[PDB]
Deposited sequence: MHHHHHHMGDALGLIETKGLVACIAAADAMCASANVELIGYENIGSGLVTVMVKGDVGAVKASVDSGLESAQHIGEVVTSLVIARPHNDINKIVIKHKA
């Protein structure tokens, strides 16, 4: 009995646009900032978790804020991520 739903992701080119996204994501909805990763070629991803409605609102707000200061490469909301995807997500905690 070990204790540890939706996932929202924004990937930008550059760290500052990513921080703008994360700030807007947290300010706009009841979500938890749970992921942060830089993979090279200047790509930086911020990840949030929370209820589906909250995550969708958070990603929309993050996109608007990031798009005004940098390049957003992509964005995604996964409503119910597969359990096995947690193995990748915890690597960017």
message: List the gaps, meaning deposited-sequence segments with no CA coordinates, ordered along the sequence.
response: 1, 6 to 9, 99
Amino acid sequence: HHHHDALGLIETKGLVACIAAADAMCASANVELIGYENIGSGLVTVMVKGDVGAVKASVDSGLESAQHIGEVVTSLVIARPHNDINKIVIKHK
From here on, numbers count along this sequence of modelled residues.
message: Tell me which stretch, 12 to 20 or 66 to 74, has the higher mean Cα B-factor listed in the entry.
response: 66 to 74
task: Name the higher of the two by mean Cα B-factor in the PDB entry, 78 to 86 versus 21 to 29.
output: 78 to 86
message: Quick check on the deposited entry: does the C-alpha B-factor of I39 sit in the lowest, middle or highest third of its chain?
response: highest
